[PDB]
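Here you go, one structure.
What is reported rests on the model, the rules as stated and the sources as named; none is laboratory data. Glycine also receives a Cβ, built like all others from the backbone with ideal geometry; neighbour counts cover every protein chain displayed.
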Amino acid sequence: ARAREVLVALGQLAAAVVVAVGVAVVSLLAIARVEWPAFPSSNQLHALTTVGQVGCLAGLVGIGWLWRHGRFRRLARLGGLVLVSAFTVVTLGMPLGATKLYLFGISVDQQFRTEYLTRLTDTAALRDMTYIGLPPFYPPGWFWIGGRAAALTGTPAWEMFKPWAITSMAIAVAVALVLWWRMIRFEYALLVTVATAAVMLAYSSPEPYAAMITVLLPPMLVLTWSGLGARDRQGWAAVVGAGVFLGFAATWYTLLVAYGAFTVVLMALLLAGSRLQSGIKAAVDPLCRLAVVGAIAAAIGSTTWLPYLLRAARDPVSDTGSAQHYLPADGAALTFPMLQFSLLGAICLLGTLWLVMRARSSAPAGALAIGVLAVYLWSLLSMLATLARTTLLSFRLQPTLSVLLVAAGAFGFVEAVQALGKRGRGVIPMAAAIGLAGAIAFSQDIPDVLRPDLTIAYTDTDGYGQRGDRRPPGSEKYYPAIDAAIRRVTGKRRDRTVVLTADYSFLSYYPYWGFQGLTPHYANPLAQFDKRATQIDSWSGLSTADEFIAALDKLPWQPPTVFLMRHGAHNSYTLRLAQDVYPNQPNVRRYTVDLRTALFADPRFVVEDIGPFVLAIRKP
Amino acid sequence: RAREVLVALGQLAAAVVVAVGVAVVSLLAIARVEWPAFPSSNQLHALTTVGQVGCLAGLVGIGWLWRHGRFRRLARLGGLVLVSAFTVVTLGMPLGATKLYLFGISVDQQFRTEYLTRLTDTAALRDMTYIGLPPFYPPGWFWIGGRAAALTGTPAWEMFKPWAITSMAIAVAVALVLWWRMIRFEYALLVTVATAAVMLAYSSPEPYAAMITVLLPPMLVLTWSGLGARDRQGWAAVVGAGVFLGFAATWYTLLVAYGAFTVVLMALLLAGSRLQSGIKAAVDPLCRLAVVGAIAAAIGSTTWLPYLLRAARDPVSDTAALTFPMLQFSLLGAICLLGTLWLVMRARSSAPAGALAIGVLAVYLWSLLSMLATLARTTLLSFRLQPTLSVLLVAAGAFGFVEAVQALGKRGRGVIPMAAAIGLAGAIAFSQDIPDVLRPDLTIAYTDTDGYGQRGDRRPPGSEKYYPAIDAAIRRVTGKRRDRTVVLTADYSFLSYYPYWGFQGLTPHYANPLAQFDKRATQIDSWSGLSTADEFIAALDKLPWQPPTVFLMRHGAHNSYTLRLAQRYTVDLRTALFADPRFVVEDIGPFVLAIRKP
Ligand SMILES: [Ca+2]
Ligand SMILES: [Ca+2]
């Protein structure tokens, strides 16, 4: 058919990936050579960020101006890719210029993310983050590539969480730009991708693998809508593209693949219901294309979900503490970003009005309208599914709603300027001035929306026993000695040791296994968190070393061989625990179990005191 | 015109029946399941939000169905069902795990529950606490509540929540009926939903004042139309306004006073607007005002006559203003500002705008008259009128929003969907926040022991769990009916569960003016210093009132009993007083129940 334009599209996407990687590596390497002052205790970084993301917006205006008239038409595209990548990198990695940890440091939720990135760094295979022998549940897409990049190029996996997060976000933005200029004109592509990137950097920043899909949802929604409606010879490239995107998101983020599949099913149903006339021959074509999309998606996404569904087909999984047991305050109320007094609220209101008035006679507007409606239906469905003692995690779809509404708002701004620009001549400069002022006023609020994240990132001890605040380190400065003791006693590589700890930040830095994960929610259902916790709590009612060693040789699972406990309450070794009280708000409840210092009394234990911790290792 | 009147009566009766049926069925279904508590989990707020969204979407569907007109009857029935269901879902879902209304049995719910418990064991009209007195507080809501709680066998402390929710739903349905008789159906639905939402947000703690707060806009407009007309026409709205004032006089005194004030203002303005046109048509509004006033007094006398026939010869010597809701910064502030603009720009050419403008002017005149009357050592309570002001301004804001949408739609046609979208978003964003503005009330409702001895959030109950034992002991020692023995306590939540006559009220501003609260308190403080057991019997029988027979008093230091009533202070009695071989003294926990046996 001589449709080589597919080859050109693949070449453009590969060039986007290469350019984003190059910019995000060079910029970060250059930044990390200056010894900047701490962000929470100096304005040096928050001013250089503003300078950078103003110089990367004036540059975009210049590039868009150049594209309108010029014989180049190719330096404009390269400049656009370079400038969106640089905008993302400067917005994020400049405030984090003196620290080595990502947002939130090693705190509440980064613990298991860093643990899984550390797991997939000393092994190529797919293994669970904590437990031993199990196939992984959480999608190992981002972490596998991060682990390969950290195993190849030196640096430990806790240290390749900031650079790889920023680089992945830059890749997502630079690929979203390539996806937009295939559909709409170049200037509109620049404006829309900059708006969506600026929103994701402010809202889906802490989790740098939901941000990629969050940015790529609008272009892929438009591409699927235009390609599910084609008739009998057209859009078969868009169908395969949407299927590939859903398969890619299956191994990258489960909530967003669920939402995307929901939206695609709604799109196919709406199209099939709409064209129910002209016989049934034309009313089934959207269903055939939906079948093809599903067939590609659940064969690209089965390279990571097959081991789990093969081992969980027979094993007694618990699944009564599922990861979707969060019902926070904002998870019991719909989100209306269109109506909040602020610039984001104004642009979301403009997007809502544009979608309402242009849904029926536009290709992007219809797709974005169906996306927003599916977001709201998903929210209502999760609220209703709380009856079935489960949730659909609808409170993580707020950033997605913001991104969709901001893309529609940029579209509506362009449409309005081009509509009321007929009744006059000097409106493009004034509209550009107002829009640039608004963009500069918003993009300097990114480091201030993320202020708690940056403060936590600057006051957490990294894996070198240092703080990014250049203050005395916390408790994490003893872990090197602890690991040296563990490796000296057992004599086995740290992939073969099972460690029972209460401070789960030891296993984030070091690739030891675990007998109990940090939280009941992000724990493998095959692991039987409840029964492990029951067995652990039973040990509190023991007093003899022989009884304890007999208990440690009767568990169905693999027993701990290294215990990292704390002093407590007149010769008892306290290990803090956790429990899922889901219907209630603090969905997790912490409680303490204590061992009475006589269990670890044999010639078959080696008990040492290192700082506050006591390290009882079972001698081989 | 008997057909019009008969159809109006039929529609009002249908509204009452539909609201009752929907509220009862929904409340029973909700109470069937054992939901988690509100202060801990969020499973009840989520279901409240789902129900509200469903009801609002259904109302939009009904309004759309009205256009394609062949199902007008079904559209009206569905409208009534949906407004009633919206009210019931908004209130009774967060209170799905408890048996107490908002605030439970806290500061002011105690005498409301006490009066509902009074009017359940007897049908006549008597005071809530004191014996042998005619009631002062208007027993309209509580009488029907007592009949409903005595016919179905429910203890009267338990009928409070379902009866309050049902009454509020009935009020909303009747308001909707009045609106689609005055204006077109779609505007009726829209303004009824707006006023109902604001009423639920701000006037729910008092469920018999919210019945009338939601019914002031329709009746203001109806009375304005009924007094404005100058012919043999409009003689039915006059009777309707008179009957509404008579119904409000037995339901809520502050709002009947305010309504009579506003009606007098309306009649005066109408008479003075035609004074220079011949006095023949300048006194017609005054004649219609007199006809309104005769019916209102005739209907209010059935309740206020026993008190006034006794308060005319007895010692009756006892008893946040000026707010601007259109200037606050919220969605409500925006819609109230739009309503104020509409009232300013449309008062002289519209009847609803004129009526609502006169209502708001009356609210502010009342507010500025209360401040002046503070010089007279008294106030008109012009701080419980603020929810009324919010309701009036929101009704005006709904009218102004619709009229502005029409004016904008003169230039183009596609502004209707955009307005509908940004109005539905705002309606949902406000109505889903109602459980959060009532959060302190729900929190108190869930952490209060009910009449069975169990808290709402399944925690160890408080001291309200020994009451059944105290009751059994009293009814066994005295050997008489409950509403025959007078009880002197300072934990007044015992009398708000059981129909025992009291010797003292909670605070002086709840007591019956005929009750002489100050002299009773002085007599108790005189008992404080009494010496021996014989002096107690001597000084009990000299009281001009009915002396107590049962004393329910706690433990105190060094031979005291420490009644600890309020005026707040503490009064204690030496143990010697009850040591006579007449009183039966026994400890039922932290209490010392001393009953003067016959
Ligand atoms: Ca962990
Ligand atoms: Ca009382």
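Kindly state which helices (runs of 4 or more DSSP H) lie completely within the range A:498-570 and contain at least 3 residues that are within 14 Å of ligand 1 (Cβ to nearest atom) and crowded, with 16+ Cβ neighbours inside 10 Å.
Those helices (runs of 4 or more DSSP H) span A:506-509.
Would you mind finding the one in B:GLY400, B:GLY409, B:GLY423, B:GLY333 that is part of a helix (DSSP H, G or I) and surrounded by 21 or more Cβ atoms within 10 Å (Cβ to Cβ)? Outline the logic, then answer.
On the way: B:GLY409 fails: surrounded by 21 or more Cβ atoms within 10 Å (Cβ to Cβ); B:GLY423 fails: surrounded by 21 or more Cβ atoms within 10 Å (Cβ to Cβ); B:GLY333 fails: surrounded by 21 or more Cβ atoms within 10 Å (Cβ to Cβ).
After applying the criteria, what remains is B:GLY400.
Residue under question is B:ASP448, and the condition is that it be in contact with a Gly (Cβ under 6 Å, 6 or more places away or on another chain) and more than 14 Å from every other protein chain (Cβ to nearest Cβ); does it hold?
Yes: the conditions hold for B:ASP448.
Can I ask one more? Based on what the data block shows, is B:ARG439 within 13 Å of chain A (Cβ to nearest Cβ), surrounded by fewer than 20 Cβ atoms within 10 Å (Cβ to Cβ) and among the charged types (D, E, K, R)?
So B:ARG439 passes the test.
Here is a follow-up. Has the range B:63-71 got any residue that is of a type in the set (A, V, I, L, M) and either under 19 Å from B:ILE170 (Cα atoms) or buried (at least 22 other Cβ atoms within 10 Å of the Cβ) (or both)? Break it down into steps so the answer makes sense when it comes.
As a first pass, look at the range B:63-71 and keep what is of a type in the set (A, V, I, L, M): B:65.
Imposing the further condition that a residue be either under 19 Å from B:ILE170 (Cα atoms) or buried (at least 22 other Cβ atoms within 10 Å of the Cβ) (or both) reduces the set to none.
No, because not a single residue in the range B:63-71 is of a type in the set (A, V, I, L, M) and either under 19 Å from B:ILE170 (Cα atoms) or buried (at least 22 other Cβ atoms within 10 Å of the Cβ) (or both).
Collect the residues in the range B:455-467 that are assigned to a loop (DSSP other than H, G, I, E, B) and under 19 Å from B:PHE591 (Cα atoms), keeping them in residue-number order.
Across the range B:455-467, the qualifying residues are B:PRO460, B:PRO461, B:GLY462, B:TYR466.
Return the residues of the range A:369-397 that are within 17 Å of A:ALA195 (Cβ to Cβ) and away from chain B (no Cβ under 14 Å); say none if nothing qualifies.
Answer for the range A:369-397, where residues must be within 17 Å of A:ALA195 (Cβ to Cβ) and away from chain B (no Cβ under 14 Å): just A:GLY371.
Still on this model: Which pairs have Cβ atoms under 6 Å, sit 6 or more apart or on different chains, and link a residue in the range B:290-309 that is on the phi < 0 side of the Ramachandran plot to one that is of a type in the set (A, V, I, L, M)?
Hits for this filter: B:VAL291/B:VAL238; B:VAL292/B:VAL238; B:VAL292/B:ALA241; B:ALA296/B:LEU245; B:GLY300/B:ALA249.
Kindly indicate the residue of the range A:109-128 that is of a type in the set (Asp, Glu) and either within 14 Å of chain B (Cβ to nearest Cβ) or within 15 Å of the chain's Cα centre (by Cα) (or both) and also farthest from ligand 1 (Cβ to nearest atom) among those meeting that condition.
My answer is A:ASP109.
How many of the residues making up the range A:374-397 are under 30 Å from A:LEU201 (Cα atoms), of a type in the set (A, V, I, L, M) and part of a helix (DSSP H, G or I)?
Residues in the range A:374-397 being under 30 Å from A:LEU201 (Cα atoms), of a type in the set (A, V, I, L, M) and part of a helix (DSSP H, G or I): 6 in total.
For the range A:141-157, state whether one or more residues are crowded, with 24+ Cβ neighbours inside 10 Å and of a type in the set (S, T, N, Q).
no
Now for a different question. Looking at B:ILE416, B:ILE434, which is the one that is surrounded by 15 or more Cβ atoms within 10 Å (Cβ to Cβ), within 14 Å of chain A (Cβ to nearest Cβ), in contact with a helix residue (DSSP H, G or I) (Cβ under 7 Å, 6 or more places away or on another chain) and β-branched (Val, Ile, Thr)? I'd like the intermediate steps shown before the answer.
Working: B:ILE416 fails: surrounded by 15 or more Cβ atoms within 10 Å (Cβ to Cβ).
Of the residues listed, the single one that is surrounded by 15 or more Cβ atoms within 10 Å (Cβ to Cβ), within 14 Å of chain A (Cβ to nearest Cβ), in contact with a helix residue (DSSP H, G or I) (Cβ under 7 Å, 6 or more places away or on another chain) and β-branched (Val, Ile, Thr) is B:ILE434.
While we're on this one: Test each condition in (1) more than 16 Å from ligand 2 (Cβ to nearest atom); (2) in a helix (DSSP H, G or I); (3) hydroxyl-bearing (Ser, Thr, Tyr) for B:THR113 and report the one that comes out false.
Condition (1) is where B:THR113 drops out.
Here is a yes/no grid of residues against (1) among the polar types (S, T, N, Q); (2) in a loop (DSSP other than H, G, I, E, B):
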| residue | (1), (2) |
| --- | --- |
| A:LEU96 | no, yes |
| A:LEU103 | no, yes |
| A:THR130 | yes, yes |
| A:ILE145 | no, no |
| A:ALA157 | no, yes |
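Please indicate, with yes or no, whether at least one residue in the range A:457-478 is among the aliphatic types (A, V, I, L, M), surrounded by fewer than 20 Cβ atoms within 10 Å (Cβ to Cβ) and more than 12 Å from ligand 1 (Cβ to nearest atom).
no
Run B:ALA23 past the list (1) assigned to a loop (DSSP other than H, G, I, E, B); (2) more than 14 Å from chain A (Cβ to nearest Cβ) and report the number of the one that doesn't hold.
The number of the failed condition is (1).
Being touching a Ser or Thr at 6+ places or on another chain (Cβ under 6 Å) and away from chain B (no Cβ under 14 Å): is that true of A:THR304 here?
yes
Can you pull out the residues in the range A:336-360 that are within 12 Å of chain B (Cβ to nearest Cβ), in a loop (DSSP other than H, G, I, E, B) and closer than 23 Å to B:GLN432 by Cα?
A:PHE336, A:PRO337, A:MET338, A:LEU339, A:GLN340, A:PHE341
Please state which one of A:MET357, A:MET338, A:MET267 is touching a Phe, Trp or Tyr at 6+ places or on another chain (Cβ under 9 Å) and not assigned by TED's automatic domain parsing to the domain that holds A:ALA527.
Testing whether each residue is touching a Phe, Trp or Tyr at 6+ places or on another chain (Cβ under 9 Å) and not assigned by TED's automatic domain parsing to the domain that holds A:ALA527 leaves just A:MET267.
Right, next: Restricted to the range B:475-497, and to residues that are assigned to a helix (DSSP H, G or I) and either touching a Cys at 6+ places or on another chain (Cβ under 7 Å) or within 16 Å of ligand 2 (Cβ to nearest atom) (or both), which residue is nearest to B:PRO544 (Cα to Cα)? Full working, then the answer.
Filtering the range B:475-497 for residues assigned to a helix (DSSP H, G or I) gives B:475-478, B:482-484.
This time we only want the ones that are either touching a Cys at 6+ places or on another chain (Cβ under 7 Å) or within 16 Å of ligand 2 (Cβ to nearest atom) (or both), so: B:482-483.
Numbers: B:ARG482: 22, B:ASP483: 20 Å.
The qualifying residue nearest to B:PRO544 (Cα to Cα) is B:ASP483.
For the range A:129-146, what are the residues that are more than 15 Å from ligand 1 (Cβ to nearest atom) and either within 14 Å of chain B (Cβ to nearest Cβ) or in contact with a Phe, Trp or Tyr (Cβ under 7 Å, 6 or more places away or on another chain) (or both)?
A:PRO135, A:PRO139, A:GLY141, A:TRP142, A:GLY146
A:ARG314 passes all but one of (1) more than 23 Å from the chain's Cα centre (by Cα); (2) within 13 Å of chain B (Cβ to nearest Cβ); which number fails?
A:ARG314 satisfies all of (1) more than 23 Å from the chain's Cα centre (by Cα); (2) within 13 Å of chain B (Cβ to nearest Cβ) except (2).
Of all residues in the range A:240-263, how many are within 14 Å of A:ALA298 (Cα to Cα) and either over 25 Å from the mean Cα position of the chain (by Cα) or among the β-branched types (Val, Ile, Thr) (or both)?
Of the residues in the range A:240-263, 5 are within 14 Å of A:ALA298 (Cα to Cα) and either over 25 Å from the mean Cα position of the chain (by Cα) or among the β-branched types (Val, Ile, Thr) (or both).
Within the set of pairs 6 or more residues apart or between chains, which connect a residue that is among the hydrophobic types (A, V, I, L, M, F, W, C) inside the range A:506-531 to a residue that is outside any loop (DSSP other than H, G, I, E, B) and more than 9 Å from ligand 1 (Cβ to nearest atom) with Cβ atoms less than 6 Å apart?
Partner pairs satisfying both residue conditions: A:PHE506/A:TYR479; A:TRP513/A:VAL498; A:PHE515/A:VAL498; A:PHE515/A:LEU500; A:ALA523/A:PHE529.
Suppose we filter the range B:100-139 for residues that are touching a helix residue (DSSP H, G or I) at 6+ places or on another chain (Cβ under 7 Å) and farther than 18 Å from B:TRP501 by Cβ; how many remain?
8
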